[PDB]
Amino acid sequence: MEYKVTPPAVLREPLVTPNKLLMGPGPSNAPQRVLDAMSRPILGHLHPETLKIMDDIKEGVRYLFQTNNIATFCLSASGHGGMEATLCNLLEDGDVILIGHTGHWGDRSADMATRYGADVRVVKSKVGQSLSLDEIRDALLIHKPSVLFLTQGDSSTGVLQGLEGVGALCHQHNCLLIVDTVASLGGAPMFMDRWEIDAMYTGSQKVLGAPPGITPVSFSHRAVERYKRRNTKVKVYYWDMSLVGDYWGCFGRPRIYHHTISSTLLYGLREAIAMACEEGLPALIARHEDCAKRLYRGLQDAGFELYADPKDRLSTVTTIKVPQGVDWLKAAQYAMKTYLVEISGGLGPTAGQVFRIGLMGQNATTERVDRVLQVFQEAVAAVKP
């Protein structure tokens, strides 16, 4: 009759959430408007007011993506969930996919594609570079894949992948084009429809500054056609484009129960998107690009070496070579302890090789560029001089 496990003393303590300047590659600092909204009361997952918020979110993602795709919605999962769903829906066992590897995100997408039963091919960029159009074409011709996967902003290497003409080329060869824009959307140009992109997703917590955990996704008519010609059901009910699309009112069918959406995350995402739409893409993108340029000047004045090829830089995540003799983790710790500012190390192929400074959303301002420049310089100088 005993309860062998007792109520944890730990939970009698107050919840502690220090207010930090998150100048890593994400999450970025939430606008106060988005934090306030997440105190709103919970709504039922199928209540008209919830569906209204979802509808408004769809219009906002269509703007941000520049698409008219009817199959536009959000996944109830973090950014990886976008990668998962896009692969899960558009691959069957033995389908050949080509991954355009420009950093860690090439490794992660290859992993998921293999877990889903695909025949995974990879074309690797030169170090610190994007893939050229020629390199992409050559690999397409060689592999003859049904899917090509590219990461527009690879946050591990700070590399922005060019996309003009690639969807067109894919479509000459019965190939679908999937693009990750988690780190890049709002910090670099994107025109989903104009660039013939078939499936695309972004993150809530990067340029948008919404909470992590809900991810906008869109599928073209060609991608929907692919889904319709599947011989077997997608492996995960949770990601099934038809079923979540129906919940999100995409295909003219009744709304029905698929899962309970997090109305909290809807509130924060909706306000974040409203803010971004009000600023407008041209101003939003320009602000991130201009901030990044200011960062480069300060870093290069101070004698630091940037990792990415200057032609290939992503505004939102700047990779900086760790100077000979500095302990990057100790530098990070110094910055956090003294200032409550986050500076980050690398990821995947750049683990231990770089620092990464994110300039995203609330943090892409001249004041915050200057702050991160100051504390980064101080932290590096502080450690083994």
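We number the residues from 1 along the sequence you see.
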Item checked: Entry-level comparison of average CA B-factors, 321-329 and 349-357, reporting the higher stretch -> 321-329
Notebook entry, point to check: When the C-alpha temperature factors are averaged for each of 302-310 and 150-158, which stretch ends up with the higher value in the entry?
Noted result: 302-310
Note to self: Can you tell me which of 127, 179, 97, 182 has the maximum CA B-factor listed in the PDB entry?
What the structure shows: 127
Margin query: According to the Cα B-factor stored in this entry, which of the following is highest: 255, 101, 108, 206?
Written below: 255
Checklist line | residue 33 - Cα temperature factor, lowest/middle/highest third of chain | finding: middle
Note to self: Could you place residue 139 in the lowest, middle or highest third of its chain by Cα temperature factor, using the values in the record?
What the structure shows: highest
Item checked: Within-chain third of residue 246 by Cα B-factor, per the entry -> middle
Next item on the list: Compare the C-alpha B factor of residue 336 with those of the other modelled residues in its chain, then answer lowest, middle or highest third.
Entry: highest
Next item on the list: Using the B-factors in the PDB entry, rank residue 195's C-alpha atom against the chain and give the third, lowest, middle or highest.
Entry: middle
